[PDB]
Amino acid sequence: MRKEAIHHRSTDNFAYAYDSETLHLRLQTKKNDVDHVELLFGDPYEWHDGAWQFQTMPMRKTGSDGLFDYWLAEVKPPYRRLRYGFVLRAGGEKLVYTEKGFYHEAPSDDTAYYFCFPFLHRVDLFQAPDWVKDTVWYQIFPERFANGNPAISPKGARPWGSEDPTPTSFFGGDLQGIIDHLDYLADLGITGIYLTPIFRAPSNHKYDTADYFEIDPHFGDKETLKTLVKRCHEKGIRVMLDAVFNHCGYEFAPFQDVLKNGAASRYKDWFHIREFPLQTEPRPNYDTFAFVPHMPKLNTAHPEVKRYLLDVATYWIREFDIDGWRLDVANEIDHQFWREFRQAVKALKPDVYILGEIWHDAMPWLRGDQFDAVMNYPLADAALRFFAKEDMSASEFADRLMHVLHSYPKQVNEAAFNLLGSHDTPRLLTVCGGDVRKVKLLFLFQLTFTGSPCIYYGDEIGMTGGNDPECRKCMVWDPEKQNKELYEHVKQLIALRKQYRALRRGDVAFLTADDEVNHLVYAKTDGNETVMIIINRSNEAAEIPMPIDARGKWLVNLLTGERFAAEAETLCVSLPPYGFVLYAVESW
């Protein structure tokens, strides 16, 4: 029973608290090494006859990447304290994995033997706002969405050639634009907009931030903004702004002051100037975003700086009732600051959503003391790798999916910002080879996957751009130039979700085969709810089977309505080339 594969730890995803009364304890073991695995537990203060008392509950397998299995144990310890170990049996073999080691039997003379969860505290419980779990985000890039009261920059009118626009130059877009096409989104079905930086800055992208307290004139003013919000909350849309605290622009006052003062500048330590005489020759002589001189790294460890950004994070939450905060290059900021950030904002408006940009494992930030979630780029990676590049397979995709999924405690996943692209990646369509057949499948996956998804403005109407900055083309508002077939598709999925719980906040369950490299079928479940999803990632009609539960009464096809009855053990679903279909099993 290969012990190198078995593993557990009383921290993070392997062990955490779901609610103020339940704990989640997951055990990782080899592929199909263990046929079982019970959870041995008891209060660390429960004894009898000088022997630590404890009972054992069964743990069920909940997935498995390519090599491991992952089991789970939902236990509500009485008095909130509990000591535990695992009893995995693979036939005649019986082991008793414990924090101390393995045992052919369960030690009872001491508690020190087993792993331990001291005390379940609500305060340490990871709790993201419950509302983000039901919404569908739409991220707009102001400088390219919709032009309003032309108080814009003197340059390039709307769109150019069918191809070649987006020249790292302004097109006129502004905040007034969003306020106008608000009904377009309200029709589509999005329940929240995440919009790129809109604070005073000399650039088509306000990342070179010059004044965190003043909205770039070009986009508008506090009034224009005050409207966008009012109107949105009216429609049921939450506005999420972008916080660029990791750095500033060559125009930021303090930094500008480190040029007409230097070492005398009261803002010398506001940055990371290793050597003075501020020389950005071969490259900046101070820390910058990448190597961007016009992007000095701020010193968040500095009391003043820390007090500045923190007054900024609360300003726009007070003066504009915004419902979130996106953190640009959030992973490059000292953990200390973020807990202070979370304390301020969650103290002001507890419902604010703190999202951090982290294209990699962000466990260190999702412990409940900092972020509420991150821009889930790893999932997108897997999605694009399957449907777009068609690199991996249905089983590998299912694995890599069951993987990243398990590397976090449920609640964390239940609030994941599941995007597929953004102002920083090639357009979804160009990535699909122009085959809107695939794009339709991707939207089907995302809008079918639990979490808090987000659509990149252009991508819903068959837009095409590719790698940055081509991915920020001006929005296509031409009813003739925009794929309504695709737009319609996304609109029915967003609603299919809004009404089918399991789709937005339920547990997945893949059913892939090693031989059938192109057949993906998974079931979103949530209590009695079940919404199966068949998919033929092929370019030739296929016959993908789908098992129906005997307890099922009906089998209503979504997006079409064809509602039939189970009465079978399996149902060979026939699909066209890159076809797909959804089913919502009943119960009787």
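Just count from 1 along the sequence shown to find any residue number.
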Quiz item: Hey, which bit's got the bigger mean C-alpha B factor in the entry, 560 to 568 or 11 to 19?
Solution: 560 to 568
Quiz item: With respect to the recorded C-alpha B factors, which stretch has the higher mean value, 157 to 165 or 179 to 187?
Solution: 157 to 165
Quiz item: Highest Cα B-factor in the deposition, which of 193, 106, 310, 352?
Solution: 106
Practice problem: Go through 525, 32, 536, 64 one by one and give the residue whose Cα B-factor in the PDB entry is largest. | Solution: 32
Quiz item: Is the Cα B-factor recorded for residue 302 in the lowest, middle or highest third of its chain?
Solution: middle
Quiz item: Would the CA B-factor of residue 150 place it in the lowest, middle or highest third of its chain?
Solution: highest
Quiz prompt | Record-listed C-alpha B factor of residue 224: chain third | solution = highest
Self-check item: Modelled-residue ranking by C-alpha temperature factor, third containing residue 489
Solution: middle
Quiz item: According to the PDB entry, is the CA B factor of residue 100 in the bottom, middle or top third of its chain, that is, lowest, middle or highest?
Solution: middle
